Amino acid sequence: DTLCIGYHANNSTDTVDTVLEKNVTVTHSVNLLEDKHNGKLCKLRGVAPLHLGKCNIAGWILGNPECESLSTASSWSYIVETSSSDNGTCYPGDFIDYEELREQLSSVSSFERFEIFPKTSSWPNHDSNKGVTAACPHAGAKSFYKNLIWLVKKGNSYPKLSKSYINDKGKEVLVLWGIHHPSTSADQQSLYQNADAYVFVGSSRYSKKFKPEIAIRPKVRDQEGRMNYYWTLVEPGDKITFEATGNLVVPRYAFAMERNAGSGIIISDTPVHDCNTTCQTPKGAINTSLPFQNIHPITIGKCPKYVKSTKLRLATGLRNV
């Protein structure tokens, strides 16, 4: 006629950790991490990211010809570039304030490409057709970025150059140009005729003068010269001017745009889907009311705090046998 005492041994197998014993199996626990994700890259709240496959942001924005087809949009949630996207500055050189630009462009609401200095109209006294390199081949022939023009002496004279644009668009206008530093004085002279050549660029938000550096850098894509790439945001009301006695690689296409509070740039070989989520990761997305995750240091939108720990498992209840 007994009465005894005992406890629960659960069907549930998840193990947690203690001081004196690590491996230990329990009946109940909670996990504060999230290992799991949909293994996809989604539209973040109904907006699709932008995906540049073989191009990185520079070649894309510069209009590298390998980026010719790619995609477009007025809008994107974030930006994704692959591990394999190598199409950058095909003429060797430094992109300036690159990181900052990358951040401005992570999220965009309206993005409008317009040709800020028409190739036909804008440069009557300089030569707009010579501007190609083998450094930038397209279709088996010498080529250049689509969004810039490499301007060159017409003549045997390279006159002084000033063109101005007022921003009549409704938004910020991203404008990009570059500076050509040729390899030798002879090189300098062929292109711009003028050894004394300088370049100046200005606005309400921006003022800089440029002197090119003639020198022989190591051959890259066969170039011993260099090209620095610069940019700025011209305010809606604002005006921007350009002066050069040489060495200036002029804007052709610019972009009217309005930002969004930055998302990131995700670098992943993960594929996009028509799916959607709140929280995007390089590896995938996550639906969690969960506090953390070990998944990736890089998260987008509203996301669980990243953590480098393997497993966080508490205990709701006792051991089992």
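We number the residues from 1 along the sequence you see.
In this entry, the higher average B-factor at the C-alpha atoms falls on 283 to 291, of the pair 63 to 71 and 283 to 291. Stretch comparison (125 to 133 versus 72 to 80) by mean CA B-factor in the PDB entry places 72 to 80 on top. Out of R252, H28, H51, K54, it is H28 whose C-alpha atom has the highest B-factor in the PDB entry. Among all modelled residues in its chain, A58 ranks in the lowest third by Cα B-factor.
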